[PDB]
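A.B. asks: Data: query_1.txt, compact mmCIF, C-alpha atoms and all ligand atoms.
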```
# COMPACT_ATOMS: atom_id res chain seq x y z
CA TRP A 5 -10.15 48.01 23.28
CA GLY A 6 -12.37 49.63 20.67
CA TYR A 7 -15.56 49.13 18.71
CA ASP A 8 -14.26 47.00 15.85
CA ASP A 9 -15.72 43.54 15.32
CA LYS A 10 -12.83 41.80 17.11
CA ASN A 11 -12.30 44.15 20.08
CA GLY A 12 -15.72 45.77 20.32
CA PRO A 13 -18.37 45.96 23.13
CA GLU A 14 -19.37 42.31 22.69
CA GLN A 15 -15.82 41.20 23.51
CA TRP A 16 -15.19 43.58 26.43
CA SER A 17 -16.49 41.12 29.04
CA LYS A 18 -13.39 39.00 28.37
CA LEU A 19 -11.02 41.31 30.26
CA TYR A 20 -13.77 43.23 32.07
CA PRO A 21 -16.37 40.85 33.62
CA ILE A 22 -18.26 43.85 35.03
CA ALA A 23 -19.50 44.38 31.46
CA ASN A 24 -22.23 41.86 32.31
CA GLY A 25 -22.96 43.53 35.65
CA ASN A 26 -26.25 44.88 37.02
CA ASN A 27 -25.45 48.60 36.69
CA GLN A 28 -24.19 48.90 33.13
CA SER A 29 -24.73 51.81 30.75
CA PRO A 30 -26.08 52.98 28.42
CA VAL A 31 -29.70 51.87 28.70
CA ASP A 32 -32.94 52.39 26.82
CA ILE A 33 -35.15 54.79 28.76
CA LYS A 34 -38.80 53.73 28.68
CA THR A 35 -40.87 56.78 29.58
CA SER A 36 -43.93 54.75 30.59
CA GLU A 37 -41.76 53.05 33.23
CA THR A 38 -39.88 56.05 34.66
CA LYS A 39 -40.70 57.27 38.15
CA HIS A 40 -41.15 60.99 38.76
CA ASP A 41 -39.18 61.83 41.90
CA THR A 42 -40.35 64.98 43.67
CA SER A 43 -37.15 65.16 45.74
CA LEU A 44 -34.96 65.72 42.66
CA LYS A 45 -33.63 69.27 42.66
CA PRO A 46 -32.77 71.33 39.55
CA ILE A 47 -29.44 70.61 37.85
CA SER A 48 -26.96 73.39 38.54
CA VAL A 49 -23.79 73.75 36.46
CA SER A 50 -21.23 76.51 36.84
CA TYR A 51 -18.15 76.11 34.67
CA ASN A 52 -15.17 78.47 34.40
CA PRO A 53 -13.93 78.73 30.78
CA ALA A 54 -10.39 79.03 32.13
CA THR A 55 -10.47 75.38 33.25
CA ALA A 56 -10.51 74.10 29.65
CA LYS A 57 -7.12 72.42 29.22
CA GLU A 58 -6.61 70.27 26.12
CA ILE A 59 -8.11 68.02 23.46
CA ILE A 60 -6.86 64.47 22.79
CA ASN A 61 -7.31 61.82 20.09
CA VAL A 62 -7.57 58.50 21.94
CA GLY A 63 -7.94 56.27 18.89
CA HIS A 64 -11.59 55.32 19.36
CA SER A 65 -12.80 58.91 20.13
CA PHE A 66 -11.43 62.18 21.36
CA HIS A 67 -12.07 64.19 24.48
CA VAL A 68 -11.55 67.61 25.98
CA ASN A 69 -9.97 67.72 29.44
CA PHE A 70 -10.34 70.39 32.10
CA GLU A 71 -8.09 71.37 35.00
CA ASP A 72 -9.67 69.76 38.07
CA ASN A 73 -7.44 70.94 40.92
CA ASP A 74 -10.23 73.05 42.45
CA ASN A 75 -13.96 73.83 42.27
CA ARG A 76 -13.86 76.48 39.57
CA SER A 77 -16.11 74.27 37.42
CA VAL A 78 -18.74 72.22 39.22
CA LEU A 79 -22.08 70.41 39.04
CA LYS A 80 -24.70 70.45 41.82
CA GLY A 81 -28.39 69.78 42.40
CA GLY A 82 -30.34 66.92 40.88
CA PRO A 83 -30.02 63.76 43.02
CA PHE A 84 -26.70 64.92 44.50
CA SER A 85 -25.87 66.14 47.99
CA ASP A 86 -22.21 66.57 47.08
CA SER A 87 -20.57 68.93 44.59
CA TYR A 88 -19.04 67.30 41.49
CA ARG A 89 -15.98 68.68 39.71
CA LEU A 90 -15.92 68.92 35.91
CA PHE A 91 -12.99 67.17 34.24
CA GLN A 92 -14.01 66.23 30.71
CA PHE A 93 -16.50 66.05 27.86
CA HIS A 94 -16.58 63.98 24.69
CA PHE A 95 -19.05 62.58 22.15
CA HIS A 96 -20.27 59.25 20.83
CA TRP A 97 -21.50 58.79 17.27
CA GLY A 98 -22.38 56.11 14.74
CA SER A 99 -21.51 55.15 11.17
CA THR A 100 -24.63 56.87 9.79
CA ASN A 101 -27.14 59.43 11.07
CA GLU A 102 -29.47 56.48 11.72
CA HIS A 103 -27.72 55.71 15.01
CA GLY A 104 -24.87 56.95 17.17
CA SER A 105 -26.24 57.93 20.57
CA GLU A 106 -25.55 55.56 23.45
CA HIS A 107 -28.72 56.04 25.46
CA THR A 108 -32.03 55.60 23.66
CA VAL A 109 -35.49 56.88 24.61
CA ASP A 110 -38.42 54.53 24.00
CA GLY A 111 -36.24 52.67 21.52
CA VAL A 112 -35.40 55.81 19.54
CA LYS A 113 -31.75 56.10 18.57
CA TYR A 114 -30.24 59.52 17.94
CA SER A 115 -27.24 60.44 15.77
CA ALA A 116 -24.80 61.23 18.57
CA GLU A 117 -24.50 61.91 22.27
CA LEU A 118 -22.54 64.40 24.37
CA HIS A 119 -21.15 63.34 27.75
CA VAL A 120 -19.95 65.88 30.33
CA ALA A 121 -18.18 64.04 33.17
CA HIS A 122 -17.48 65.15 36.75
CA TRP A 123 -16.04 63.44 39.85
CA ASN A 124 -17.06 63.68 43.51
CA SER A 125 -14.61 66.15 45.07
CA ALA A 126 -16.54 66.34 48.34
CA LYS A 127 -15.63 62.76 49.26
CA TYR A 128 -12.51 62.12 47.19
CA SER A 129 -9.35 64.04 46.33
CA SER A 130 -8.81 62.90 42.74
CA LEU A 131 -10.41 61.40 39.64
CA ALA A 132 -8.23 58.29 40.04
CA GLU A 133 -9.70 57.66 43.50
CA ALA A 134 -13.29 58.62 42.64
CA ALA A 135 -13.45 56.68 39.36
CA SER A 136 -14.18 53.31 41.01
CA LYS A 137 -16.51 54.51 43.78
CA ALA A 138 -20.25 53.92 43.51
CA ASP A 139 -20.82 57.64 44.11
CA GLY A 140 -17.62 58.91 42.54
CA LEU A 141 -18.77 60.00 39.08
CA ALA A 142 -21.55 62.19 37.67
CA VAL A 143 -22.11 62.37 33.93
CA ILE A 144 -24.58 64.48 31.99
CA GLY A 145 -25.77 62.93 28.75
CA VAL A 146 -27.30 64.99 25.94
CA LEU A 147 -28.95 63.32 22.95
CA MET A 148 -27.97 64.92 19.64
CA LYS A 149 -30.57 64.93 16.88
CA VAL A 150 -29.44 65.33 13.28
CA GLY A 151 -30.74 68.59 11.82
CA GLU A 152 -29.55 72.20 11.77
CA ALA A 153 -25.84 72.90 12.18
CA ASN A 154 -24.95 73.52 15.82
CA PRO A 155 -22.83 76.68 16.04
CA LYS A 156 -21.89 75.85 19.65
CA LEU A 157 -19.84 72.89 18.39
CA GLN A 158 -17.72 75.19 16.22
CA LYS A 159 -14.70 75.60 18.52
CA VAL A 160 -14.61 71.88 19.22
CA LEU A 161 -14.91 71.03 15.52
CA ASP A 162 -12.25 73.54 14.46
CA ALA A 163 -9.78 72.03 16.94
CA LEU A 164 -9.97 68.55 15.43
CA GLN A 165 -7.63 69.39 12.53
CA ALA A 166 -4.77 69.49 15.06
CA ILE A 167 -5.42 66.05 16.55
CA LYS A 168 -6.33 64.06 13.44
CA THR A 169 -4.40 60.92 14.36
CA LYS A 170 -4.27 58.67 17.43
CA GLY A 171 -2.29 60.02 20.35
CA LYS A 172 -2.19 63.60 19.14
CA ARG A 173 -3.10 66.30 21.62
CA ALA A 174 -3.28 70.07 21.69
CA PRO A 175 -4.21 72.81 24.13
CA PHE A 176 -7.93 73.62 24.17
CA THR A 177 -8.56 76.64 26.36
CA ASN A 178 -11.14 79.28 27.26
CA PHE A 179 -14.31 77.22 26.77
CA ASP A 180 -17.41 76.77 28.92
CA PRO A 181 -19.12 73.47 27.91
CA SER A 182 -22.41 74.47 29.56
CA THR A 183 -22.93 76.39 26.30
CA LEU A 184 -23.43 72.96 24.68
CA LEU A 185 -26.29 71.95 26.99
CA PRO A 186 -29.97 72.27 25.98
CA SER A 187 -32.11 75.19 27.19
CA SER A 188 -34.15 72.99 29.51
CA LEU A 189 -32.33 70.83 32.03
CA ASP A 190 -35.24 68.52 32.83
CA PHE A 191 -33.63 65.11 33.21
CA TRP A 192 -33.80 61.38 33.87
CA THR A 193 -31.34 59.85 36.32
CA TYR A 194 -30.30 56.30 37.11
CA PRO A 195 -27.29 54.50 38.66
CA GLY A 196 -24.99 53.26 35.91
CA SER A 197 -21.44 52.87 34.65
CA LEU A 198 -18.76 54.08 32.29
CA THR A 199 -19.73 53.01 28.77
CA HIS A 200 -16.12 52.17 27.87
CA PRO A 201 -13.59 49.98 29.72
CA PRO A 202 -12.93 49.64 32.64
CA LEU A 203 -16.73 50.03 32.74
CA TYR A 204 -16.82 50.85 36.48
CA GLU A 205 -20.35 51.11 37.88
CA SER A 206 -19.50 54.43 39.50
CA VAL A 207 -21.67 56.76 37.43
CA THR A 208 -24.85 58.58 38.40
CA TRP A 209 -26.28 59.45 34.99
CA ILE A 210 -28.12 62.67 34.23
CA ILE A 211 -29.85 62.38 30.84
CA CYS A 212 -31.43 65.53 29.44
CA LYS A 213 -34.94 65.15 28.03
CA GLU A 214 -34.26 67.94 25.52
CA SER A 215 -31.91 67.15 22.62
CA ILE A 216 -29.46 69.50 20.89
CA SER A 217 -28.91 69.63 17.15
CA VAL A 218 -26.01 68.62 14.93
CA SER A 219 -25.85 68.71 11.13
CA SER A 220 -25.04 65.76 8.89
CA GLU A 221 -21.80 67.50 7.91
CA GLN A 222 -20.79 68.13 11.52
CA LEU A 223 -21.21 64.41 12.21
CA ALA A 224 -19.03 63.75 9.15
CA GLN A 225 -16.26 65.75 10.83
CA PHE A 226 -16.38 63.42 13.85
CA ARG A 227 -16.19 60.39 11.55
CA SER A 228 -13.31 61.94 9.61
CA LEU A 229 -11.12 61.74 12.70
CA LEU A 230 -8.54 58.94 12.34
CA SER A 231 -7.94 56.01 14.69
CA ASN A 232 -4.47 55.28 13.29
CA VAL A 233 -1.12 56.79 14.24
CA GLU A 234 0.38 59.45 11.97
CA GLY A 235 2.03 57.87 8.94
CA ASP A 236 -0.09 54.72 8.75
CA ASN A 237 -2.94 54.23 6.30
CA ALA A 238 -5.83 56.47 7.33
CA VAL A 239 -8.56 54.58 9.20
CA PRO A 240 -11.58 56.83 10.00
CA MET A 241 -13.42 56.66 13.33
CA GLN A 242 -16.79 55.50 12.02
CA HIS A 243 -18.52 54.79 15.35
CA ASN A 244 -17.94 54.47 19.09
CA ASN A 245 -21.31 53.97 20.77
CA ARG A 246 -21.95 50.98 23.04
CA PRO A 247 -25.24 49.03 22.73
CA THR A 248 -27.88 49.67 25.40
CA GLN A 249 -27.67 47.35 28.40
CA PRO A 250 -30.24 45.56 30.66
CA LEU A 251 -31.73 47.66 33.47
CA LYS A 252 -31.88 44.58 35.70
CA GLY A 253 -34.29 46.09 38.22
CA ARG A 254 -32.89 49.62 38.20
CA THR A 255 -35.40 52.46 38.27
CA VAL A 256 -34.97 55.46 35.99
CA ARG A 257 -36.18 58.58 37.79
CA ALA A 258 -37.54 61.69 36.10
CA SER A 259 -37.22 65.25 37.41
CA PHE A 260 -40.36 66.10 35.46
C1 LIG B 301 -13.65 59.04 24.64
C2 LIG B 301 -14.12 58.13 25.77
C3 LIG B 301 -15.30 57.25 25.43
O1 LIG B 301 -14.44 58.85 26.96
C4 LIG B 301 -13.42 58.73 27.94
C5 LIG B 301 -12.53 57.55 27.46
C6 LIG B 301 -12.65 56.26 28.26
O2 LIG B 301 -13.93 56.13 28.93
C7 LIG B 301 -14.59 57.16 29.66
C8 LIG B 301 -16.02 56.81 29.32
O3 LIG B 301 -16.95 57.76 29.92
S1 LIG B 301 -18.50 57.64 29.67
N1 LIG B 301 -18.73 57.20 28.16
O4 LIG B 301 -18.89 56.59 30.54
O5 LIG B 301 -18.93 58.98 29.88
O6 LIG B 301 -14.39 57.13 31.07
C9 LIG B 301 -13.71 58.30 31.58
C10 LIG B 301 -12.56 57.84 32.44
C11 LIG B 301 -14.69 59.18 32.35
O7 LIG B 301 -13.21 58.89 30.35
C12 LIG B 301 -14.13 58.60 29.30
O8 LIG B 301 -13.04 57.27 26.16
ZN ZN B 302 -19.11 58.70 26.90
```
Output the structure of this file as structure tokens.
Ligand SMILES: CC1(C)O[C@@H]2[C@@H](CO[C@@]3(COS(N)(=O)=O)OC(C)(C)O[C@@H]23)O1
Ligand SMILES: [Zn+2]
C.D. replies:
Amino acid sequence: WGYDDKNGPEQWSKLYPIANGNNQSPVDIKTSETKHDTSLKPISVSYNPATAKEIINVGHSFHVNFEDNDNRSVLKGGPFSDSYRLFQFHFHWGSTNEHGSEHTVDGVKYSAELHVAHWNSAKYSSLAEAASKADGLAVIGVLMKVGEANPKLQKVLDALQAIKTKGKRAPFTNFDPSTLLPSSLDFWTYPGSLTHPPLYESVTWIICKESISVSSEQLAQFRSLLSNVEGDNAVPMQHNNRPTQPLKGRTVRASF
């Protein structure tokens, strides 16, 4: 699977029927229709830089994995009663600065989007087990607006030269991804899914209202990553964001 014309988002329903489900992500957040929930507690993240493990080129994107054998790096608060264990973060981008984010706010598309994923370690004992549970995954989404260079992305960006082609991987250690989050953690939350196959509707989304910046050149670096295996003709990763999906009755709650 990928985002090309033949194997993109529009063709995912073929092997994954859940793609047309009632809890799919991403979605367009309409602020006039969100419901402020007074019960929503503040988002609390506490990550240990030592849990950073490695970075991998998966063909359609790349992601940074974290050791998730214990609760050294966790997420709490918000709409959760359980503690969620950090295990990965990655980005989504588009072919041009005009688009790239997965979620949209009042129809506005941003240039990219950061996803920090965690799994429910209070109820399950592994990502594999939690991945398909309705309450198994928690993912923070941060909209990235094209503008000033984001120094926080530096380490991530510098590591890409070692995993240029599909399947390459390299250690990525000593990094706390909470340093990538916006100053304010006011958020929107709704029940959704993974935005890439298998598309399980096991994700409780936490979308930050505040965006973070990224320069046009930094985005270029993402797009310069290759989706081909070493040796083949270079084929740049131009985009990997899935179109917004129907809310189908779901209510998007706001912590503010
Ligand atoms: C690079 C990218 C998109 O992110 C990886 C992998 C497969 O899908 C994901 C999607 O997670 S998401 N986009 O719902 O946060 O689901 C998991 C299993 C959480 O890993 C994510 O590809
Ligand atoms: Zn994602």
A.B. asks: Within 8 Å of residue 171 (chain A), counting all atoms listed in the file, which residues show up once you throw out same-chain ones fewer than 3 positions away? Write them as a PyMOL selection string, please.
C.D. replies: chain A and resi 60-63+167+233
A.B. asks: At a cut-off of 6 Å, can you tabulate as a Markdown table every residue of chain A near ligand LIG 301 (chain B) together with its closest atom pair and the distance in Å to one decimal, using only C-alpha atoms and all ligand atoms and ordering rows by chain then number?
C.D. replies:
```
| residue | atom | partner | partner_atom | distance |
| --- | --- | --- | --- | --- |
| A:65 | CA | B:LIG301 | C1 | 4.6 |
| A:66 | CA | B:LIG301 | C1 | 5.1 |
| A:67 | CA | B:LIG301 | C1 | 5.4 |
| A:94 | CA | B:LIG301 | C1 | 5.7 |
| A:119 | CA | B:LIG301 | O5 | 5.3 |
| A:198 | CA | B:LIG301 | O4 | 3.1 |
| A:199 | CA | B:LIG301 | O4 | 4.1 |
| A:200 | CA | B:LIG301 | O2 | 4.6 |
```
A.B. asks: Name the residues within 10 Å of (-26.2, 71.3, 27.0), counting only C-alpha atoms in the file's coordinates, and put them as a PDB file with C-alpha atoms, in the coordinates of the input.
C.D. replies:
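Contents of the output file point-v1.pdb:
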```pdb
ATOM      1  CA  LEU A 118     -22.540  64.400  24.370  1.00  0.00           C
ATOM      2  CA  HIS A 119     -21.150  63.340  27.750  1.00  0.00           C
ATOM      3  CA  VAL A 120     -19.950  65.880  30.330  1.00  0.00           C
ATOM      4  CA  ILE A 144     -24.580  64.480  31.990  1.00  0.00           C
ATOM      5  CA  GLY A 145     -25.770  62.930  28.750  1.00  0.00           C
ATOM      6  CA  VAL A 146     -27.300  64.990  25.940  1.00  0.00           C
ATOM      7  CA  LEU A 147     -28.950  63.320  22.950  1.00  0.00           C
ATOM      8  CA  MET A 148     -27.970  64.920  19.640  1.00  0.00           C
ATOM      9  CA  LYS A 156     -21.890  75.850  19.650  1.00  0.00           C
ATOM     10  CA  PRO A 181     -19.120  73.470  27.910  1.00  0.00           C
ATOM     11  CA  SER A 182     -22.410  74.470  29.560  1.00  0.00           C
ATOM     12  CA  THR A 183     -22.930  76.390  26.300  1.00  0.00           C
ATOM     13  CA  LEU A 184     -23.430  72.960  24.680  1.00  0.00           C
ATOM     14  CA  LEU A 185     -26.290  71.950  26.990  1.00  0.00           C
ATOM     15  CA  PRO A 186     -29.970  72.270  25.980  1.00  0.00           C
ATOM     16  CA  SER A 187     -32.110  75.190  27.190  1.00  0.00           C
ATOM     17  CA  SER A 188     -34.150  72.990  29.510  1.00  0.00           C
ATOM     18  CA  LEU A 189     -32.330  70.830  32.030  1.00  0.00           C
ATOM     19  CA  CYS A 212     -31.430  65.530  29.440  1.00  0.00           C
ATOM     20  CA  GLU A 214     -34.260  67.940  25.520  1.00  0.00           C
ATOM     21  CA  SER A 215     -31.910  67.150  22.620  1.00  0.00           C
ATOM     22  CA  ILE A 216     -29.460  69.500  20.890  1.00  0.00           C
TER      23      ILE A 216
END
```
A.B. asks: Show me, as JSON, the centre and edge lengths in Å to one decimal of the axis-aligned box that covers every listed atom of region 167-182 of chain A with 5 Å on each side.
C.D. replies:
```
{"center_x": -12.3, "center_y": 69.0, "center_z": 21.5, "size_x": 30.2, "size_y": 30.6, "size_z": 26.1}
```
A.B. asks: Which of these residues is nearest to ligand ZN 302 (chain B), using only C-alpha atoms and all ligand atoms: A:237, A:197, A:43, A:108?
C.D. replies: A:197
A.B. asks: Rank nothing, just name the residue among A:113, A:122, A:107, A:246 nearest to residue 150 (chain A), using only C-alpha atoms.
C.D. replies: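 Comparing A:113, A:122, A:107, A:246 against residue 150 (chain A), the winner is A:113.
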A.B. asks: Excluding residue 89 (chain A) and residues on its chain fewer than 3 positions from it, collect all residues at most 7 Å away from it, counting only C-alpha atoms, and give them as a PyMOL selection string.
C.D. replies: chain A and resi 72+75+77-79+122-125
A.B. asks: Using only C-alpha atoms, which of the listed residues (A:50, A:115, A:208, A:219) sits closest to residue 100 (chain A)?
C.D. replies: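 For residue 100 (chain A), the nearest of the given residues is A:115.
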A.B. asks: Enter the distance from CA of residue 99 (chain A) to CA of residue 242 (chain A), in Å, rounded to one decimal.
C.D. replies: 4.8 Å
A.B. asks: I want to know what sits within 10 Å of residue 136 (chain A), based on all atoms listed in the file, with residues of the same chain fewer than 5 positions away left out; could you give that as a PyMOL selection string?
C.D. replies: chain A and resi 131+141+197-198+202-207
A.B. asks: Write a file of the selected residues as a PDB file, in the frame of the given file, keeping C-alpha atoms.
C.D. replies:
```
ATOM      1  CA  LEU A 131     -10.410  61.400  39.640  1.00  0.00           C
ATOM      2  CA  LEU A 141     -18.770  60.000  39.080  1.00  0.00           C
ATOM      3  CA  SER A 197     -21.440  52.870  34.650  1.00  0.00           C
ATOM      4  CA  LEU A 198     -18.760  54.080  32.290  1.00  0.00           C
ATOM      5  CA  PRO A 202     -12.930  49.640  32.640  1.00  0.00           C
ATOM      6  CA  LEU A 203     -16.730  50.030  32.740  1.00  0.00           C
ATOM      7  CA  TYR A 204     -16.820  50.850  36.480  1.00  0.00           C
ATOM      8  CA  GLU A 205     -20.350  51.110  37.880  1.00  0.00           C
ATOM      9  CA  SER A 206     -19.500  54.430  39.500  1.00  0.00           C
ATOM     10  CA  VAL A 207     -21.670  56.760  37.430  1.00  0.00           C
TER      11      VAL A 207
END
```
A.B. asks: Take CA of residue 16 (chain A) and CA of residue 28 (chain A) and report the distance between them in Å, one decimal.
C.D. replies: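 Answer for the CA of residue 16 (chain A) to CA of residue 28 (chain A) separation: 12.4 Å.
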A.B. asks: Could you check the closest approach to ligand ZN 302 (chain B) for each of A:26, A:105, A:177, A:36 and tell me which residue wins, using only C-alpha atoms and all ligand atoms?
C.D. replies: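 Smallest separation from ligand ZN 302 (chain B) among the options: A:105.
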A.B. asks: Here is a test: counting only C-alpha atoms, which residue of A:174, A:251, A:210, A:157 is nearest to residue 226 (chain A)?
C.D. replies: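 Using only C-alpha atoms, the shortest distance to residue 226 (chain A) belongs to A:157.
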A.B. asks: To one decimal place in Å, what is the distance between CA of residue 135 (chain A) and CA of residue 11 (chain A)?
C.D. replies: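 Calculated distance between CA of residue 135 (chain A) and CA of residue 11 (chain A) is 23.0 Å.
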A.B. asks: Could you pull region 107-133 of chain A out of the structure just shown and give N, CA and C atoms as a CSV table (one decimal), in the first residue's frame?
C.D. replies:
```
chain,number,residue,atom,x,y,z
A,107,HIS,N,-5.2,16.1,9.2
A,107,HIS,CA,-6.4,16.7,9.7
A,107,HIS,C,-6.4,18.1,9.1
A,108,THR,N,-7.6,18.7,9.1
A,108,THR,CA,-7.8,20.0,8.6
A,108,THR,C,-8.7,20.7,9.6
A,109,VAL,N,-8.6,22.1,9.7
A,109,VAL,CA,-9.4,22.8,10.7
A,109,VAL,C,-10.2,23.9,9.9
A,110,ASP,N,-11.5,23.7,9.9
A,110,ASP,CA,-12.4,24.6,9.2
A,110,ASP,C,-12.0,24.6,7.7
A,111,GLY,N,-11.6,23.5,7.2
A,111,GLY,CA,-11.2,23.4,5.8
A,111,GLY,C,-9.8,23.8,5.5
A,112,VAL,N,-9.1,24.3,6.4
A,112,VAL,CA,-7.7,24.8,6.2
A,112,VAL,C,-6.7,23.6,6.3
A,113,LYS,N,-6.0,23.5,5.2
A,113,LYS,CA,-5.0,22.4,5.1
A,113,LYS,C,-3.6,23.0,5.4
A,114,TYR,N,-2.8,22.3,6.2
A,114,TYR,CA,-1.5,22.8,6.6
A,114,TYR,C,-0.5,22.0,5.8
A,115,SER,N,0.8,22.4,5.9
A,115,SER,CA,1.9,21.8,5.1
A,115,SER,C,2.3,20.4,5.5
A,116,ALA,N,2.1,20.1,6.8
A,116,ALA,CA,2.5,18.8,7.3
A,116,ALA,C,1.8,18.5,8.6
A,117,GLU,N,2.1,17.3,9.2
A,117,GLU,CA,1.5,17.0,10.5
A,117,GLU,C,2.3,15.9,11.2
A,118,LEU,N,2.5,16.2,12.5
A,118,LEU,CA,3.3,15.3,13.3
A,118,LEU,C,2.4,14.4,14.1
A,119,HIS,N,2.7,13.1,14.2
A,119,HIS,CA,1.9,12.2,15.0
A,119,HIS,C,2.8,11.5,16.0
A,120,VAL,N,2.4,11.6,17.2
A,120,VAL,CA,3.1,10.9,18.3
A,120,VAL,C,2.1,9.8,18.9
A,121,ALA,N,2.5,8.6,18.6
A,121,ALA,CA,1.6,7.5,19.0
A,121,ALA,C,2.0,6.7,20.3
A,122,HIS,N,0.9,6.3,21.0
A,122,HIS,CA,1.1,5.6,22.3
A,122,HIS,C,0.1,4.5,22.3
A,123,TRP,N,0.3,3.4,23.1
A,123,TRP,CA,-0.6,2.3,23.3
A,123,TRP,C,-1.0,2.2,24.7
A,124,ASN,N,-2.2,1.7,25.0
A,124,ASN,CA,-2.7,1.5,26.3
A,124,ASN,C,-2.1,0.3,27.1
A,125,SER,N,-1.1,0.7,27.9
A,125,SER,CA,-0.4,-0.3,28.7
A,125,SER,C,-1.0,-0.7,30.0
A,126,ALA,N,-2.1,0.0,30.3
A,126,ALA,CA,-2.9,-0.3,31.6
A,126,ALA,C,-3.7,-1.5,31.3
A,127,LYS,N,-4.3,-1.6,30.1
A,127,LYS,CA,-5.2,-2.8,29.8
A,127,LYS,C,-4.5,-3.9,29.0
A,128,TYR,N,-3.5,-3.5,28.2
A,128,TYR,CA,-2.8,-4.5,27.4
A,128,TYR,C,-1.3,-4.6,27.6
A,129,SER,N,-0.7,-5.7,27.2
A,129,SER,CA,0.7,-5.9,27.5
A,129,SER,C,1.6,-5.7,26.3
A,130,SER,N,1.1,-5.3,25.1
A,130,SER,CA,1.9,-5.0,23.9
A,130,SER,C,1.2,-4.2,22.9
A,131,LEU,N,1.9,-3.6,22.0
A,131,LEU,CA,1.4,-2.8,20.9
A,131,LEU,C,0.5,-3.7,20.0
A,132,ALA,N,1.1,-4.9,19.7
A,132,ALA,CA,0.4,-5.9,18.9
A,132,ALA,C,-1.1,-6.1,19.4
A,133,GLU,N,-1.2,-6.3,20.7
A,133,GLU,CA,-2.5,-6.6,21.3
A,133,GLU,C,-3.4,-5.3,21.3
```
